[PDB]
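Heads up: the structure comes next, in structure tokens.
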Amino acid sequence: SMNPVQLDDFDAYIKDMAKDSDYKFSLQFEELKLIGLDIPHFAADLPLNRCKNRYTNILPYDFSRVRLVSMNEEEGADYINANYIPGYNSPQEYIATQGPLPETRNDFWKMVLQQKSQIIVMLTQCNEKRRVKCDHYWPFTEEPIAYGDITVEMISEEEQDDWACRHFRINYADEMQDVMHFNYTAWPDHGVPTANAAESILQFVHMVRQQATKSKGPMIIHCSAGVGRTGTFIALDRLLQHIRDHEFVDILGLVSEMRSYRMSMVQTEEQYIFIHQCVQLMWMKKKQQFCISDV
Ligand SMILES: [Cl-]
Ligand SMILES: [Cl-]
Ligand SMILES: [Cl-]
Ligand SMILES: [Cl-]
Ligand SMILES: [Cl-]
């Protein structure tokens with residue numbers, strides 16, 4: 001479950017991964033399916049926490065789960081469906097979480113505050129094609145809204161074709177924190193995304209990364225399950241940095257590592273292949289960069 005590939009061999013690699021109706025893609029993916037099967041998630045299974053999980057089979061591992069501050073000995077007080085994930089720069093660079101439910105939106109804001117996260121990435125619209133994905137857990141207007149103990153004011157909201165950016169100021173009594181929220185709204189349909197789809201997503205990943213160099217705390221990433229589009233964005237973000245610095249990539253290693261921190265990161269084979277497609281584009285662009293001589 002690591003397979004590092006030299007970038008000047010990546011073209012031939014993906015052609016081989018693609019032969020026989022993507023057979024080697026499937027085989028790697030079947031390797032990945034096994035990662036984390038015997039890592040405990042006892043907390044995720046507590047009775048009082050059943051209603052805090054969007055899905056019954058997307059549960060946070062106990063070792064990497066994010067804990068909320070607990071006033072109580074009440075069961076599951078500290079629980080949220082979120083895990084820390086390593087990144088390119090730090091071992092707790094990200095938090096991958098499900099899209100908040102109405103019943104957990106308060107818990108979600110508590111996490112943002114307690115974790116001192118200044119960046120939230122949302123890879124879904126609240127509803128898509130008449131299916132619920134995520135509660136609209138932030139305000140609709142500029143008027144501050146109380147979410148349990150934490151008030152959120154939208155300071156600004158900028159909408160583009162494929163994404164929107166929102167500045168939130170959050171407070172808990174005398175404690176105040178500023179948070180940027182980035183919502184990608186054009187996540188492609190099943191199955192082979194266009195060239196423009198891949199380019200749009202890479203542009204989005206680039207913009208979030210620019211804000212991350214200015215900020216501190218974990219970067220919170222969610223979709224609906226907090227595994228599929230979420231793992232994909234995290235993979236892409238790390239791969240962008242990696243490919244800037246190196247002449248090789250290990251995508252298999254990368255997803256294997258992520259699945260050790262949260263189950264089912266990169267949910268589908270189609271997403272796994274999409275990562276490879278995005279890496280082919282990153283490589284093309286780096287090769288364009290090679291035609292400029294500075295040093
Ligand atoms: Cl950890
Ligand atoms: Cl850390
Ligand atoms: Cl403060
Ligand atoms: Cl890795
Ligand atoms: Cl996809």
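By convention in this document, the chains of the structure tokens carry letters A, B, ... by their order, each chain's residues are numbered from 1, and ligands are numbered from 1 in the order they are shown.
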Could you name the residues that touch residue 34 of chain A at 10 Å or less, counting only C-alpha atoms, but leaving out those on the same chain fewer than 2 positions away, as an MDAnalysis selection string?
-> chainID A and resid 29:32 36:38 256 259 263:264
Protein and nucleic residues near ligand 4, 9 Å, only C-alpha atoms and all ligand atoms, as a short mmCIF file (atom, residue, chain, number, x, y, z; two decimals) with N, CA, C and O atoms, in the first residue's frame:
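Contents of selection.cif, freshly written:
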data_model
loop_
_atom_site.label_atom_id
_atom_site.label_comp_id
_atom_site.auth_asym_id
_atom_site.auth_seq_id
_atom_site.Cartn_x
_atom_site.Cartn_y
_atom_site.Cartn_z
N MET A 2 2.04 1.22 -0.58
CA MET A 2 2.65 2.38 -1.17
C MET A 2 3.17 1.99 -2.53
O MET A 2 3.67 0.88 -2.71
N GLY A 87 -1.34 16.13 7.22
CA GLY A 87 -1.14 16.74 5.93
C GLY A 87 0.30 16.85 5.51
O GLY A 87 1.19 16.22 6.04
N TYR A 88 0.52 17.68 4.51
CA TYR A 88 1.87 17.86 3.96
C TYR A 88 2.79 18.52 4.95
O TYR A 88 3.99 18.28 4.92
N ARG A 238 -2.58 18.02 -0.63
CA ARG A 238 -1.25 17.53 -0.35
C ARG A 238 -0.43 17.26 -1.63
O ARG A 238 0.73 17.56 -1.68
N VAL A 249 5.37 10.92 -7.17
CA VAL A 249 4.12 10.90 -6.34
C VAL A 249 3.81 9.48 -5.90
O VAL A 249 4.04 8.54 -6.66
N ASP A 250 3.21 9.35 -4.72
CA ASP A 250 2.71 8.06 -4.24
C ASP A 250 1.23 8.23 -3.84
O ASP A 250 0.90 8.53 -2.71
N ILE A 251 0.33 8.04 -4.78
CA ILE A 251 -1.06 8.30 -4.52
C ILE A 251 -1.60 7.19 -3.66
O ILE A 251 -2.39 7.44 -2.76
N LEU A 252 -1.15 5.96 -3.91
CA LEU A 252 -1.60 4.79 -3.16
C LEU A 252 -1.20 4.92 -1.70
O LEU A 252 -2.00 4.68 -0.80
N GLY A 253 0.04 5.32 -1.47
CA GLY A 253 0.53 5.59 -0.12
C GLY A 253 -0.29 6.68 0.55
O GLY A 253 -0.61 6.60 1.73
N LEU A 254 -0.62 7.71 -0.22
CA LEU A 254 -1.30 8.83 0.33
C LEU A 254 -2.71 8.42 0.85
O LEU A 254 -3.07 8.74 1.97
N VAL A 255 -3.47 7.68 0.06
CA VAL A 255 -4.86 7.28 0.44
C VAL A 255 -4.82 6.20 1.55
O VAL A 255 -5.62 6.20 2.51
N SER A 256 -3.81 5.34 1.48
CA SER A 256 -3.60 4.35 2.53
C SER A 256 -3.38 5.06 3.86
O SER A 256 -4.01 4.72 4.83
N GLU A 257 -2.52 6.08 3.87
CA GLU A 257 -2.32 6.86 5.09
C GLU A 257 -3.62 7.49 5.53
O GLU A 257 -3.98 7.43 6.70
N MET A 258 -4.35 8.13 4.62
CA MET A 258 -5.58 8.77 5.04
C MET A 258 -6.59 7.78 5.65
O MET A 258 -7.29 8.07 6.63
#
Do you know which residues are at most 12 Å from residue 6 of chain A counting only C-alpha atoms, after dropping those on the same chain fewer than 6 positions away, and could you put them as a list in words?
->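 Selected residues are residues 12, 13, 14, 243, 246, 247, 248, 249, 250, 251, 279, 280 and 283 of chain A.
Using only C-alpha atoms and all ligand atoms, residues with at least one atom at most 8 Å away from any atom of ligand 2 are residues 90, 91, 92 and 93 of chain A.
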Env. residues ligand 3 / 12 Å / only C-alpha atoms and all ligand atoms / as a ChimeraX atom specification | /A:113,116,169-178
Produce a file of the selected residues containing C-alpha atoms, as a JSON list (two decimals), in the first residue's frame.
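Final file, again-v1.json:
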[["chain", "number", "residue", "atom", "x", "y", "z"],
["A", 113, "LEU", "CA", -13.98, 27.22, 18.18],
["A", 116, "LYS", "CA", -9.17, 27.21, 16.73],
["A", 169, "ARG", "CA", -16.85, 36.04, 13.07],
["A", 170, "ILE", "CA", -17.79, 33.62, 15.84],
["A", 171, "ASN", "CA", -18.04, 34.33, 19.55],
["A", 172, "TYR", "CA", -18.62, 32.60, 22.81],
["A", 173, "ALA", "CA", -19.26, 35.28, 25.38],
["A", 174, "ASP", "CA", -15.92, 37.20, 25.56],
["A", 175, "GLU", "CA", -14.05, 34.83, 23.19],
["A", 176, "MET", "CA", -13.96, 35.80, 19.50],
["A", 177, "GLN", "CA", -12.52, 34.07, 16.44],
["A", 178, "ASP", "CA", -12.45, 34.77, 12.67]]
Select from chain A every residue with an atom at most 7 Å from any atom of ligand 1, then for each give the shortest pair of atoms and their distance in Å to one decimal, using only C-alpha atoms and all ligand atoms, rows by chain and rising number, as a Markdown table.
| residue | atom | partner | partner_atom_place_in_ligand_line | distance |
| --- | --- | --- | --- | --- |
| A:63 | CA | ligand 1 | 1 (Cl) | 6.5 |
| A:64 | CA | ligand 1 | 1 (Cl) | 4.3 |
| A:84 | CA | ligand 1 | 1 (Cl) | 5.5 |
| A:85 | CA | ligand 1 | 1 (Cl) | 6.9 |
| A:92 | CA | ligand 1 | 1 (Cl) | 6.3 |
Shortest interatomic distance to residue 221 of chain A - which of A:181, A:41, A:131, A:54, counting only C-alpha atoms |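 Checking each candidate against residue 221 of chain A, we get A:181 as the closest.
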Produce as a list in words the set of residues near ligand 5, where near means within 7 Å with only C-alpha atoms and all ligand atoms considered.
->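 Here is the list of contacting residues: residues 188, 189, 190, 191, 192, 193, 270, 271 and 274 of chain A.
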Selected residues written out, C-alpha atoms, as a PDB file, in the first residue's frame:
ATOM      1  CA  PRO A 188     -18.870  16.955 -10.856  1.00  0.00           C
ATOM      2  CA  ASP A 189     -21.428  14.261 -11.550  1.00  0.00           C
ATOM      3  CA  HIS A 190     -20.585  10.556 -11.890  1.00  0.00           C
ATOM      4  CA  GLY A 191     -18.230   9.634 -13.663  1.00  0.00           C
ATOM      5  CA  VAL A 192     -15.151  10.745 -15.777  1.00  0.00           C
ATOM      6  CA  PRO A 193     -14.950  14.529 -15.040  1.00  0.00           C
ATOM      7  CA  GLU A 270     -14.134   6.847  -9.711  1.00  0.00           C
ATOM      8  CA  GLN A 271     -12.779   9.355  -7.133  1.00  0.00           C
ATOM      9  CA  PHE A 274      -9.992  11.261 -10.679  1.00  0.00           C
TER      10      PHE A 274
END
In segment 146-272 of chain A, what's strand (DSSP E) per DSSP? Answer as a ChimeraX atom specification?
-> /A:146-147,150-159,163-172,175-184,219-222,248-249
Mind checking which residues fall within 9 Å of residue 230 of chain A, counting only C-alpha atoms, ignoring those fewer than 3 positions away in the same chain, and posting them as a VMD selection string?
-> chain A and resid 96 to 98 121 to 123 221 to 227 233 to 235 265 to 266
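Considering only C-alpha atoms, the residue among A:276, A:15, A:166, A:33 positioned nearest to residue 232 of chain A is A:276.
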